[PDB]
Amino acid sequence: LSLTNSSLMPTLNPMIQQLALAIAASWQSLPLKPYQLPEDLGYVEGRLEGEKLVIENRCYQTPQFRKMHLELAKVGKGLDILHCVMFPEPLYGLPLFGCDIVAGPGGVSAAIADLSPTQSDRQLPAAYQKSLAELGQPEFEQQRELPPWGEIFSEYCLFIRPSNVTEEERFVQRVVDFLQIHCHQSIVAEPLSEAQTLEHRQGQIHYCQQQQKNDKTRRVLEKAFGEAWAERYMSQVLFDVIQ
């Protein structure tokens, strides 16, 4: 979370850099422990017939968060990606924090962030609903419609192409605000009932299964590493289905 040793960071899109710093700052003083990814993955790169893909993975856990994954990536010289998920411990019933930012030479093309539900009714907990409403409706000029698998995302999900610096900063601040709410809610949460824990586990399984339908991510991985590698990475590293 000291992103000071990151080889990628100095070379990434400025909005990505600010988000990475914001996420690292959110996590820095938590009761962190390492979370070992499959094969204790950290840095990885690959190429097949086209551009090289370079990826840095950082991953932690706390008693409330099963797995806190920050991924940074670059395809060739110019396509930059930040991926982050905080997977909740089902025992505590917290939503899933996620964000995905994709940028090229033309600027940021996609910025997505959410606190996604795990309840069977597909609603966020009452406390989240309240705190999120209090932020107000952000104005963004270029909204994007989620794909069908994106039914997993809350009504507060952002999915935009930022139109200018003001919007980039507004999006980053909204992600900061989501993280602030999420970290606070995490400390007022108690272990839930076995039936409730099971419900929340299912919500997290479903989230991962749906995220795996994102062909935009899959194609980037496949072009650099191939089908089998990409399937392993999506299903075991990015969106692992708990059980």
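Counting begins at 1, following the sequence as shown.
Judged by mean Cα B factor in the deposited record, 186 to 194 ranks above the other of 186 to 194 and 39 to 47.
When the C-alpha B-factors of 130 to 138 and 90 to 98 are averaged, 130 to 138 comes out higher. For residue 213, the recorded CA temperature factor ranks within the lowest third of the chain's modelled residues. Residue 220: CA B factor in the middle third of modelled residues in this chain (values from the PDB entry). Annotation for residue 13: CA B-factor lies in the middle third of the chain's modelled residues.
In the deposited entry, the Cα temperature factor of residue 145 sits in the middle third of values across the chain's modelled residues. Residue 124 sits in the highest third of its chain by CA B factor, as recorded in the PDB entry.
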